[PDB]
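Quick setup: the structure tokens below cover two forms of a single protein chain, split into structure 1 and structure 2.
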Structure 1
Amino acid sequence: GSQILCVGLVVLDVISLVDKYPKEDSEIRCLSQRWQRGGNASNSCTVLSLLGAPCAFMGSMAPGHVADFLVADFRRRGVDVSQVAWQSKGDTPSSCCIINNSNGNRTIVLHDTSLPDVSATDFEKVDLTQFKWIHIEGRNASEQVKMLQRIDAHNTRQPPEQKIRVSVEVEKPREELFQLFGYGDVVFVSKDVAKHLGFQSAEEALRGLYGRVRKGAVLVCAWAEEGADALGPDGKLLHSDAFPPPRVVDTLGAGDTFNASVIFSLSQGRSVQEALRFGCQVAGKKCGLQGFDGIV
């Protein structure tokens, strides 16, 4: 019961830092270039390790030079990679990321390689006893629902002391994913998902979507410079203002920084109000830096 497991993607982010977003059909020179290990669940692992939490990553990878870079990076951060679902078919996903240096906007052109996703069968092979918290990045929802039902079954057969806490992230406005609201102790819904469902604020989104979550669950919604909100079974809307840096230079992975910091803070026994504030704190620090070094 010592690790935080993050289930989701690992993508190679080929970053270009620009002073202005390029206008279509133009040729701009970038300020700098870097490779960064990406993917939501993968980014959350980086943050958890920097926060001082033992963590594990579970996701699909295909042997090759890109996976070698990603594995070395994960290992350099002390992220346990023993749960990786190695694939014989597909290439490693990669994306071209344009980071605007004047406002931190990040634009991602993802190349999804048909790498088969982590299956309920792959998850069934995992001994859950070493995990205190399991975070699932919403992707192949029907297959992830089965993984979540397995954690519930495990929890039924354990005393309250040994129960594995569960969190779910619904970040893409894909209908398949909306069934994941009914699973997990903590549900993270993105601003992009909330806006697609017709909500114009975090408070509105929480009130509107709370009926979709499991009994006793906490629904969390971060809203960029507007900070973040959370709503629990007691019906009290919780809010935290953002901690924006004086100069916002990179928001790539700011959402993942928030998620990991909220999870970390809750796994440490802190209240929802303290976890919300801490998430905004670390996410805000991240936005004033390139990458993840120096967030703590």
Structure 2
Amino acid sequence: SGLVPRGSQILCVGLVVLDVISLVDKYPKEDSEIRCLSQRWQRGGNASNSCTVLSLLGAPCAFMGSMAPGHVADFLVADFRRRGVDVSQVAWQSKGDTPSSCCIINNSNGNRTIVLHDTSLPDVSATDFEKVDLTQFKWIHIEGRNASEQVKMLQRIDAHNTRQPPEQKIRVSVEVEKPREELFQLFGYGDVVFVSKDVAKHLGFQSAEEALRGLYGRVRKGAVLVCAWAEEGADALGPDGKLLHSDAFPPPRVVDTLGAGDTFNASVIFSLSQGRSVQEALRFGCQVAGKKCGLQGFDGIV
């Protein structure tokens, strides 16, 4: 670990996983030995994917998540490094395994069959977070997971900010991506709040417009609420009450959708961290995420 200049990095707090994905002709019959058409060993997870996108955009970035030593962590660490991601903030667990999965994509019908391996590795805690020196970060993005612990992380950033001049304040964003009640208290934190179409739909909202208008009362004064709605583009709503929208930039053919949401989030953060307007950041997010949809993985999203 080298010298990191003060206020230089974008930190993403969240999950990492190893997805081994095999493309097959037909679904394997039990007890057989078959040859797949293609196989990919892919690093995944929301905060993890956002870090890859930030590095490709030209931002110094860091990942903070829980990992346990082992073969899976070795591959994942080498993959983060291959993507220029700073792993120095990883919270190494003394017991357990790093999450991984085996996925089979049937070419004949596009069906995804997944076998998850999760040893319920302890999440990043408020005590893990207090030990971090915040000065090297200009932006902190939190993937909503263990809400009561994450609220303490958010309150610690808020206390740091109170004692800083405006140019030295750390910008904060949160993502509420899973429809779990406990996460809904995170709407009340951060400068930028991302709400997924899936959470919006589970809350009974039928469009990005309904979601923003219906959830804006849950956000902090002055915060921007953002909701991507796949092929319908994305919307943002700020304190001025003006609903902002950008149309989608669909690829010629959609090849890979995992994790186009994470590419959108990382692109919005990047553009806002560069001093661009909410409208400009929305458009940039739609452009990059839309481009990612027609590409396998993250190469060439530029």
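Rigid core (definition): largest C-alpha set, two forms, superposition within 1.5 Å. Counting starts at 1 and follows the sequence of structure 1.
- Note: rigid core superposed between structures 1 and 2; among 146, 196, 111, 174, the CA shift is 2 Å or more only at 111.
- Fitting the two forms on the rigid core leaves the C-alpha of residue 29 displaced by at least 2 angstroms between structures 1 and 2.
- Relative to the superposed core, residue 206 undergoes a C-alpha shift smaller than 2 Å between structures 1 and 2.
- Once you line up the core between structures 1 and 2, the Cα of residue 16 ends up 2 Å or more from where it was.
- Relative to the superposed core, residue 96 has its Cα moved 3.9 Å between structures 1 and 2.
- Taking the core as the fixed frame between structures 1 and 2, we note the C-alpha of residue 77 moving 1.1 angstrom.
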